>>> print(open('input_37.cif').read())   # mmCIF, N, CA and C atoms
data_target
loop_
_atom_site.label_atom_id
_atom_site.label_comp_id
_atom_site.auth_asym_id
_atom_site.auth_seq_id
_atom_site.Cartn_x
_atom_site.Cartn_y
_atom_site.Cartn_z
N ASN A 1 110.33 96.75 49.13
CA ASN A 1 111.01 96.41 47.88
C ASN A 1 110.80 97.44 46.73
N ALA A 2 110.39 98.69 47.03
CA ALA A 2 110.24 99.73 46.02
C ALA A 2 111.58 100.04 45.31
N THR A 3 111.49 100.57 44.08
CA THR A 3 112.71 100.90 43.30
C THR A 3 113.46 102.08 43.91
N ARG A 4 112.74 103.13 44.33
CA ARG A 4 113.18 104.27 45.15
C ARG A 4 112.04 104.70 46.10
N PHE A 5 112.36 105.37 47.20
CA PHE A 5 111.40 105.97 48.13
C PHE A 5 111.15 107.46 47.76
N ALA A 6 110.19 108.11 48.44
CA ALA A 6 109.72 109.47 48.11
C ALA A 6 110.66 110.60 48.61
N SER A 7 110.57 111.75 47.92
CA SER A 7 111.01 113.07 48.39
C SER A 7 110.23 113.52 49.64
N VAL A 8 110.91 113.76 50.76
CA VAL A 8 110.27 113.82 52.10
C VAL A 8 109.34 115.04 52.30
N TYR A 9 109.44 116.14 51.54
CA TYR A 9 108.37 117.20 51.58
C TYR A 9 107.01 116.74 51.03
N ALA A 10 107.03 115.64 50.27
CA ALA A 10 105.91 115.07 49.59
C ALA A 10 105.93 113.52 49.71
N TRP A 11 106.04 113.05 50.95
CA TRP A 11 106.18 111.65 51.36
C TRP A 11 105.07 110.73 50.80
N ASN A 12 105.32 109.41 50.80
CA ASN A 12 104.38 108.42 50.28
C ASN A 12 103.65 107.64 51.39
N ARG A 13 102.33 107.73 51.39
CA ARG A 13 101.45 107.07 52.35
C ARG A 13 100.57 106.06 51.61
N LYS A 14 100.59 104.81 52.08
CA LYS A 14 99.73 103.70 51.62
C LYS A 14 98.85 103.16 52.76
N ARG A 15 97.58 102.87 52.49
CA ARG A 15 96.69 102.30 53.50
C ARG A 15 96.77 100.76 53.52
N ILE A 16 97.09 100.19 54.68
CA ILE A 16 97.21 98.75 54.88
C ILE A 16 95.99 98.21 55.68
N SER A 17 95.18 97.33 55.07
CA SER A 17 93.95 96.79 55.66
C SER A 17 93.49 95.53 54.97
N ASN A 18 92.60 94.80 55.64
CA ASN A 18 92.02 93.52 55.23
C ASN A 18 93.06 92.42 54.89
N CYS A 19 94.11 92.33 55.71
CA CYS A 19 95.31 91.54 55.44
C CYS A 19 96.11 91.24 56.72
N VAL A 20 97.08 90.31 56.68
CA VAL A 20 97.99 89.99 57.82
C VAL A 20 99.35 90.63 57.67
N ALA A 21 99.71 91.57 58.56
CA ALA A 21 101.02 92.25 58.54
C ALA A 21 102.13 91.37 59.16
N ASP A 22 102.38 90.17 58.61
CA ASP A 22 103.37 89.22 59.11
C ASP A 22 104.78 89.85 59.04
N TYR A 23 105.33 90.23 60.19
CA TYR A 23 106.47 91.14 60.27
C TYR A 23 107.79 90.44 59.91
N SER A 24 108.05 89.24 60.46
CA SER A 24 109.33 88.54 60.32
C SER A 24 109.68 88.18 58.86
N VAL A 25 108.74 87.66 58.08
CA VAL A 25 109.01 87.17 56.71
C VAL A 25 109.39 88.32 55.74
N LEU A 26 108.92 89.55 55.98
CA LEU A 26 109.26 90.70 55.13
C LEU A 26 110.45 91.50 55.69
N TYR A 27 110.55 91.67 57.01
CA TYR A 27 111.68 92.37 57.67
C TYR A 27 112.98 91.55 57.72
N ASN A 28 112.92 90.21 57.66
CA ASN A 28 114.10 89.37 57.39
C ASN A 28 114.58 89.42 55.90
N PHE A 29 113.71 89.71 54.94
CA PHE A 29 114.06 89.75 53.49
C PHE A 29 115.01 90.90 53.14
N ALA A 30 114.67 92.13 53.53
CA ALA A 30 115.54 93.31 53.36
C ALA A 30 116.35 93.59 54.66
N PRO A 31 117.69 93.63 54.61
CA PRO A 31 118.52 94.05 55.76
C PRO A 31 118.10 95.41 56.31
N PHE A 32 118.11 95.57 57.62
CA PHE A 32 117.80 96.84 58.28
C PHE A 32 118.42 96.85 59.70
N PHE A 33 118.45 98.01 60.35
CA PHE A 33 119.12 98.18 61.67
C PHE A 33 118.15 98.62 62.78
N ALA A 34 117.34 99.66 62.55
CA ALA A 34 116.49 100.22 63.59
C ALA A 34 115.06 99.66 63.51
N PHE A 35 114.57 99.19 64.65
CA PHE A 35 113.14 98.85 64.87
C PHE A 35 112.58 99.60 66.10
N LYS A 36 112.66 100.94 66.07
CA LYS A 36 112.27 101.77 67.22
C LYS A 36 110.75 101.90 67.36
N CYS A 37 110.14 100.98 68.10
CA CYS A 37 108.73 101.05 68.45
C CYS A 37 108.36 101.96 69.63
N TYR A 38 107.20 102.61 69.51
CA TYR A 38 106.65 103.52 70.50
C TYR A 38 105.26 103.03 70.91
N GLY A 39 105.08 102.84 72.22
CA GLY A 39 103.81 102.41 72.80
C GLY A 39 103.51 100.91 72.80
N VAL A 40 104.09 100.11 71.90
CA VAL A 40 103.94 98.65 71.83
C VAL A 40 105.31 98.04 71.62
N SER A 41 105.64 96.95 72.30
CA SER A 41 106.94 96.27 72.18
C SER A 41 107.04 95.41 70.92
N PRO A 42 108.25 95.25 70.34
CA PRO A 42 108.45 94.50 69.09
C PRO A 42 107.89 93.08 69.06
N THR A 43 108.12 92.28 70.11
CA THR A 43 107.71 90.87 70.20
C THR A 43 106.19 90.69 70.22
N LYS A 44 105.45 91.61 70.85
CA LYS A 44 103.98 91.46 71.00
C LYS A 44 103.20 91.76 69.71
N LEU A 45 103.84 92.31 68.68
CA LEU A 45 103.23 92.54 67.36
C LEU A 45 102.80 91.24 66.64
N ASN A 46 103.18 90.07 67.15
CA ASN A 46 102.85 88.73 66.63
C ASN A 46 101.38 88.31 66.86
N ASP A 47 100.74 88.80 67.92
CA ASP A 47 99.36 88.41 68.27
C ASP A 47 98.47 89.56 68.81
N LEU A 48 98.95 90.82 68.88
CA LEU A 48 98.07 91.98 69.13
C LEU A 48 97.13 92.21 67.93
N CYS B 1 100.11 110.06 110.17
CA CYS B 1 101.22 109.20 110.58
C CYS B 1 101.28 108.00 109.63
N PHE B 2 102.42 107.31 109.57
CA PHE B 2 102.61 106.16 108.68
C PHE B 2 103.23 105.01 109.45
N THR B 3 102.75 103.81 109.21
CA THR B 3 103.04 102.61 109.99
C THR B 3 104.38 101.99 109.58
N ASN B 4 104.68 102.04 108.29
CA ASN B 4 106.01 101.94 107.74
C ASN B 4 106.16 102.80 106.49
N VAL B 5 107.36 103.32 106.26
CA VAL B 5 107.64 104.14 105.09
C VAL B 5 108.86 103.61 104.36
N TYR B 6 108.72 103.40 103.05
CA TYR B 6 109.84 102.90 102.24
C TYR B 6 110.18 103.71 100.98
N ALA B 7 111.24 104.52 101.06
CA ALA B 7 111.74 105.32 99.94
C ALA B 7 112.42 104.39 98.94
N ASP B 8 111.85 104.24 97.77
CA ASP B 8 112.56 103.69 96.61
C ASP B 8 113.26 104.84 95.87
N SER B 9 114.46 104.61 95.33
CA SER B 9 115.11 105.67 94.55
C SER B 9 115.93 105.08 93.41
N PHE B 10 115.80 105.66 92.22
CA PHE B 10 116.37 105.17 90.96
C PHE B 10 116.35 106.26 89.89
N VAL B 11 117.10 106.07 88.81
CA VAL B 11 117.10 106.98 87.65
C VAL B 11 116.49 106.37 86.38
N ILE B 12 115.71 107.20 85.68
CA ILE B 12 114.97 106.87 84.45
C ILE B 12 115.13 108.01 83.42
N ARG B 13 114.63 107.80 82.21
CA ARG B 13 114.60 108.87 81.23
C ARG B 13 113.24 109.59 81.40
N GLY B 14 113.25 110.93 81.46
CA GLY B 14 112.05 111.76 81.62
C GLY B 14 110.83 111.29 80.80
N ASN B 15 111.07 110.60 79.69
CA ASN B 15 110.06 109.89 78.91
C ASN B 15 109.30 108.78 79.69
N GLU B 16 109.88 108.27 80.79
CA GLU B 16 109.35 107.12 81.50
C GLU B 16 108.47 107.46 82.72
N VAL B 17 108.49 108.70 83.24
CA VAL B 17 107.77 109.12 84.45
C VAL B 17 106.28 108.75 84.42
N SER B 18 105.64 108.86 83.24
CA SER B 18 104.22 108.49 83.04
C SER B 18 103.91 106.99 83.22
N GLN B 19 104.93 106.13 83.08
CA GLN B 19 104.81 104.69 83.33
C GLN B 19 104.99 104.29 84.80
N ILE B 20 105.54 105.16 85.66
CA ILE B 20 105.68 104.88 87.12
C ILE B 20 104.33 104.97 87.90
N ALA B 21 103.27 105.44 87.28
CA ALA B 21 101.92 105.33 87.81
C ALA B 21 101.41 103.86 87.87
N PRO B 22 100.52 103.52 88.83
CA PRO B 22 99.97 102.18 89.00
C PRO B 22 99.31 101.57 87.75
N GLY B 23 99.69 100.33 87.44
CA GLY B 23 99.04 99.53 86.39
C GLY B 23 99.34 99.93 84.93
N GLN B 24 100.25 100.87 84.66
CA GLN B 24 100.61 101.28 83.30
C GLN B 24 101.42 100.21 82.54
N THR B 25 101.74 100.50 81.27
CA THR B 25 102.55 99.64 80.37
C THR B 25 103.79 100.40 79.89
N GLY B 26 104.93 99.72 79.80
CA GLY B 26 106.22 100.25 79.33
C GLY B 26 107.41 99.64 80.09
N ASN B 27 108.55 99.47 79.44
CA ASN B 27 109.61 98.54 79.84
C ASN B 27 110.09 98.73 81.29
N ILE B 28 110.21 99.95 81.83
CA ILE B 28 110.61 100.16 83.22
C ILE B 28 109.55 99.58 84.16
N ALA B 29 108.30 99.97 83.96
CA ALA B 29 107.16 99.50 84.73
C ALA B 29 106.76 98.03 84.44
N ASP B 30 107.38 97.38 83.47
CA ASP B 30 107.12 96.00 83.04
C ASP B 30 108.22 95.03 83.50
N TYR B 31 109.45 95.50 83.68
CA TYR B 31 110.62 94.65 83.89
C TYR B 31 111.59 95.10 84.98
N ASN B 32 111.48 96.35 85.47
CA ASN B 32 112.47 96.93 86.39
C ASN B 32 111.82 97.31 87.74
N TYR B 33 110.88 98.25 87.71
CA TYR B 33 110.22 98.70 88.93
C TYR B 33 108.70 98.80 88.79
N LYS B 34 108.01 97.70 89.07
CA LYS B 34 106.55 97.65 89.01
C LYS B 34 105.96 97.72 90.42
N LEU B 35 105.26 98.82 90.70
CA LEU B 35 104.49 99.05 91.92
C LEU B 35 103.07 98.46 91.84
N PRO B 36 102.39 98.17 92.97
CA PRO B 36 101.03 97.65 92.98
C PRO B 36 100.03 98.52 92.21
N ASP B 37 99.08 97.86 91.56
CA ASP B 37 97.95 98.53 90.90
C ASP B 37 97.05 99.28 91.88
N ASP B 38 97.19 99.02 93.18
CA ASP B 38 96.44 99.62 94.28
C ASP B 38 97.35 100.28 95.35
N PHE B 39 98.59 100.63 95.00
CA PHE B 39 99.55 101.12 96.01
C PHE B 39 99.13 102.45 96.62
N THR B 40 99.49 102.65 97.89
CA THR B 40 99.36 103.92 98.59
C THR B 40 100.75 104.54 98.78
N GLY B 41 100.90 105.82 98.43
CA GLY B 41 102.17 106.52 98.43
C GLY B 41 102.17 107.71 97.46
N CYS B 42 103.35 108.25 97.21
CA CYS B 42 103.64 109.36 96.31
C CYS B 42 104.80 109.04 95.38
N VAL B 43 104.70 109.45 94.12
CA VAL B 43 105.80 109.40 93.11
C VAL B 43 106.35 110.81 92.93
N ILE B 44 107.66 111.01 93.06
CA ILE B 44 108.36 112.29 92.96
C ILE B 44 109.48 112.19 91.92
N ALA B 45 109.63 113.21 91.07
CA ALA B 45 110.66 113.20 90.01
C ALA B 45 111.19 114.59 89.71
N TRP B 46 112.47 114.66 89.35
CA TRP B 46 113.08 115.89 88.84
C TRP B 46 114.29 115.59 87.94
N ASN B 47 114.58 116.47 86.96
CA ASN B 47 115.75 116.36 86.12
C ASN B 47 117.03 116.53 86.93
N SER B 48 118.07 115.75 86.61
CA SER B 48 119.42 115.93 87.19
C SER B 48 120.58 115.78 86.20
N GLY C 1 75.55 102.99 80.45
CA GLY C 1 76.52 103.96 79.95
C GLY C 1 77.95 103.45 79.79
N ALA C 2 78.21 102.18 80.06
CA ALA C 2 79.51 101.57 79.80
C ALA C 2 79.80 101.36 78.29
N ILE C 3 81.06 101.14 77.93
CA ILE C 3 81.48 100.86 76.55
C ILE C 3 80.84 99.61 75.95
N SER C 4 80.36 98.66 76.77
CA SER C 4 79.61 97.49 76.31
C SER C 4 78.77 96.91 77.44
N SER C 5 77.81 96.08 77.09
CA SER C 5 77.14 95.18 78.03
C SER C 5 77.89 93.87 78.23
N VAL C 6 78.75 93.47 77.29
CA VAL C 6 79.58 92.27 77.40
C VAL C 6 80.80 92.48 78.28
N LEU C 7 80.74 92.01 79.50
CA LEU C 7 81.78 92.19 80.48
C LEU C 7 83.14 91.63 80.04
N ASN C 8 83.16 90.52 79.30
CA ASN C 8 84.39 89.94 78.73
C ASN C 8 85.09 90.91 77.74
N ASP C 9 84.31 91.75 77.03
CA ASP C 9 84.85 92.78 76.13
C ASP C 9 85.42 93.95 76.92
N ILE C 10 84.76 94.41 78.00
CA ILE C 10 85.37 95.40 78.91
C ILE C 10 86.67 94.86 79.50
N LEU C 11 86.73 93.57 79.85
CA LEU C 11 87.94 92.96 80.39
C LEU C 11 89.03 92.69 79.33
N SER C 12 88.66 92.61 78.05
CA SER C 12 89.60 92.45 76.96
C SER C 12 90.12 93.78 76.41
N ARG C 13 89.24 94.77 76.31
CA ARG C 13 89.56 96.08 75.73
C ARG C 13 90.02 97.20 76.68
N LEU C 14 90.08 96.89 77.96
CA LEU C 14 90.62 97.73 79.03
C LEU C 14 91.37 96.87 80.05
N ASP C 15 92.06 97.51 80.98
CA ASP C 15 92.69 96.80 82.10
C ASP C 15 92.54 97.56 83.43
N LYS C 16 92.64 96.83 84.55
CA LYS C 16 92.53 97.27 85.95
C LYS C 16 91.99 98.68 86.15
N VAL C 17 92.84 99.71 86.23
CA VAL C 17 92.43 101.04 86.73
C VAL C 17 91.38 101.72 85.84
N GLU C 18 91.49 101.54 84.53
CA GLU C 18 90.57 102.05 83.52
C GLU C 18 89.35 101.14 83.38
N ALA C 19 89.55 99.82 83.47
CA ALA C 19 88.46 98.87 83.37
C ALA C 19 87.48 98.92 84.56
N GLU C 20 87.97 99.00 85.79
CA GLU C 20 87.13 98.82 86.97
C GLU C 20 86.03 99.89 87.13
N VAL C 21 86.17 101.08 86.52
CA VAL C 21 85.07 102.08 86.44
C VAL C 21 83.99 101.63 85.46
N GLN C 22 84.38 101.13 84.29
CA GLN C 22 83.45 100.64 83.25
C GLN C 22 82.70 99.38 83.72
N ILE C 23 83.33 98.53 84.55
CA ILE C 23 82.66 97.37 85.17
C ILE C 23 81.72 97.83 86.28
N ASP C 24 82.09 98.77 87.14
CA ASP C 24 81.26 99.22 88.27
C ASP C 24 79.92 99.87 87.87
N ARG C 25 79.83 100.34 86.62
CA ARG C 25 78.56 100.69 85.95
C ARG C 25 77.66 99.47 85.79
N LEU C 26 78.15 98.35 85.25
CA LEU C 26 77.40 97.12 85.11
C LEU C 26 77.06 96.53 86.49
N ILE C 27 77.95 96.61 87.50
CA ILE C 27 77.59 96.18 88.89
C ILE C 27 76.40 96.98 89.38
N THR C 28 76.47 98.31 89.29
CA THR C 28 75.39 99.19 89.76
C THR C 28 74.06 98.91 89.05
N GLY C 29 74.08 98.80 87.72
CA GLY C 29 72.89 98.57 86.91
C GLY C 29 72.29 97.18 87.07
N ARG C 30 73.13 96.15 87.06
CA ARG C 30 72.64 94.79 87.22
C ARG C 30 71.98 94.66 88.59
N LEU C 31 72.72 95.04 89.64
CA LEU C 31 72.18 95.04 91.00
C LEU C 31 70.86 95.80 91.07
N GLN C 32 70.70 96.95 90.41
CA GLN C 32 69.42 97.67 90.40
C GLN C 32 68.32 96.83 89.74
N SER C 33 68.68 96.06 88.71
CA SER C 33 67.75 95.20 87.97
C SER C 33 67.24 94.06 88.80
N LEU C 34 68.11 93.44 89.58
CA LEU C 34 67.77 92.40 90.54
C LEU C 34 66.94 92.96 91.70
N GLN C 35 67.38 94.04 92.33
CA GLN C 35 66.61 94.62 93.42
C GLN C 35 65.21 95.11 93.01
N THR C 36 65.01 95.49 91.74
CA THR C 36 63.70 95.83 91.20
C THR C 36 62.84 94.59 91.03
N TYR C 37 63.39 93.49 90.50
CA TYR C 37 62.69 92.22 90.36
C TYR C 37 62.25 91.68 91.72
N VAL C 38 63.13 91.64 92.72
CA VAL C 38 62.80 91.14 94.06
C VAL C 38 61.74 92.02 94.74
N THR C 39 61.81 93.34 94.60
CA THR C 39 60.77 94.24 95.13
C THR C 39 59.41 93.98 94.49
N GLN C 40 59.33 93.71 93.19
CA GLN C 40 58.09 93.35 92.52
C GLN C 40 57.62 91.97 92.97
N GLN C 41 58.52 91.00 93.15
CA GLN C 41 58.10 89.69 93.60
C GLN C 41 57.62 89.66 95.04
N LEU C 42 58.17 90.46 95.96
CA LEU C 42 57.63 90.63 97.30
C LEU C 42 56.21 91.19 97.27
N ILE C 43 55.94 92.14 96.38
CA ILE C 43 54.63 92.74 96.24
C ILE C 43 53.65 91.79 95.57
N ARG C 44 54.09 90.95 94.66
CA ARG C 44 53.18 89.96 94.12
C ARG C 44 52.95 88.90 95.19
N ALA C 45 53.99 88.45 95.86
CA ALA C 45 53.81 87.51 96.97
C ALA C 45 52.80 87.98 98.00
N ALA C 46 52.81 89.26 98.38
CA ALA C 46 51.77 89.75 99.27
C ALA C 46 50.34 89.64 98.68
N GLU C 47 50.19 89.77 97.35
CA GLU C 47 48.90 89.61 96.68
C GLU C 47 48.48 88.14 96.58
N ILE C 48 49.39 87.25 96.21
CA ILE C 48 49.07 85.82 96.11
C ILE C 48 48.82 85.22 97.49
#
>>> encode(input="input_37.cif", output="structure tokens")
Amino acid sequence: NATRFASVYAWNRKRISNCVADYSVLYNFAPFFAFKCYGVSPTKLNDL
Amino acid sequence: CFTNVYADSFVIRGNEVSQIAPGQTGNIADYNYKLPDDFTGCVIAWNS
Amino acid sequence: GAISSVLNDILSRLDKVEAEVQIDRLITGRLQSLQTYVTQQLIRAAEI
């Protein structure tokens, strides 16, 4: 929900920790198209 | 000598060859062609 | 020399082909611990 994203030569990195990354409630809020996961499947992110 | 021999043959994306090894994780080896974790044989691949 | 002494953690944090080497360390070591105890008890039994 940021106002704008970063200039890609100087990208924005945030550390996510001590919290629950509940995927459905935030990824259903903003429309999107690609969920290209590498090494772990989309459905198993619920309890890994 | 071999008591029985069974050639399996199929096409994959060169990204998937590492998952055709015994007991690995990834959609081809999870849902399409899963070989035994203890299988005896050879895996062969080339671009076409 | 295994990743843990807790066998349930080796079975949770690894699988089959990678796990069974880390477990076979605990098989070798535990078995050595038992065979050392029984060898000492045979020698005490001969004294008693």
>>> interface_residues(input="input_37.cif", of="chain B", to="chain A", cutoff="9 Å", atoms="only C-alpha atoms", output="PDB file with N, CA and C atoms, in the frame of the given file")
ATOM      1  N   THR B  25     101.740 100.500  81.270  1.00  0.00           N
ATOM      2  CA  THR B  25     102.550  99.640  80.370  1.00  0.00           C
ATOM      3  C   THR B  25     103.790 100.400  79.890  1.00  0.00           C
ATOM      4  N   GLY B  26     104.930  99.720  79.800  1.00  0.00           N
ATOM      5  CA  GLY B  26     106.220 100.250  79.330  1.00  0.00           C
ATOM      6  C   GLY B  26     107.410  99.640  80.090  1.00  0.00           C
ATOM      7  N   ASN B  27     108.550  99.470  79.440  1.00  0.00           N
ATOM      8  CA  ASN B  27     109.610  98.540  79.840  1.00  0.00           C
ATOM      9  C   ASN B  27     110.090  98.730  81.290  1.00  0.00           C
TER      10      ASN B  27
END
>>> closest_residue(input="input_37.cif", among="B:31, B:1, B:24, B:45", to="chain C", atoms="all atoms listed in the file")
B:24
>>> interface_residues(input="input_37.cif", of="chain B", to="chain C", cutoff="12 Å", atoms="only C-alpha atoms", output="list in words")
residues 21, 22, 23, 24, 25, 36, 37, 38 and 39 of chain B
>>> atom_distance(input="input_37.cif", atom1="atom C of residue 24 of chain C", atom2="atom N of residue 9 of chain C")
14.2 Å
>>> residues_around(input="input_37.cif", residues="segment 44-46 of chain A", least_positions_apart="6", cutoff="8 Å", atoms="only N, CA and C atoms", output="PyMOL selection string")
chain A and resi 21-23
>>> atom_distance(input="input_37.cif", atom1="atom N of residue 44 of chain C", atom2="atom CA of residue 32 of chain C")
17.3 Å
>>> atom_distance(input="input_37.cif", atom1="atom N of residue 48 of chain A", atom2="atom CA of residue 19 of chain C")
19.6 Å
>>> select_by_dssp(input="input_37.cif", residues="chain C", states="alpha helix (DSSP H)", output="PyMOL selection string")
chain C and resi 7-13+16-47
>>> resolve_selection(input="input_37.cif", expression="the PyMOL selection byres (((chain B and resi 10 and name CA) around 12) and name CA)", output="list in words")
residues 7, 8, 9, 11, 12, 13, 16, 17, 20, 28, 32, 33, 43, 44, 45, 46 and 48 of chain B
>>> residues_around(input="input_37.cif", residues="residue 6 of chain B", least_positions_apart="3", cutoff="12 Å", atoms="only C-alpha atoms", output="list in words")
residues 2, 3, 9, 40, 41, 42 and 43 of chain B
>>> residues_around(input="input_37.cif", residues="residue 7 of chain C", least_positions_apart="4", cutoff="9 Å", atoms="only C-alpha atoms", output="list in words")
residues 11, 12, 23 and 26 of chain C
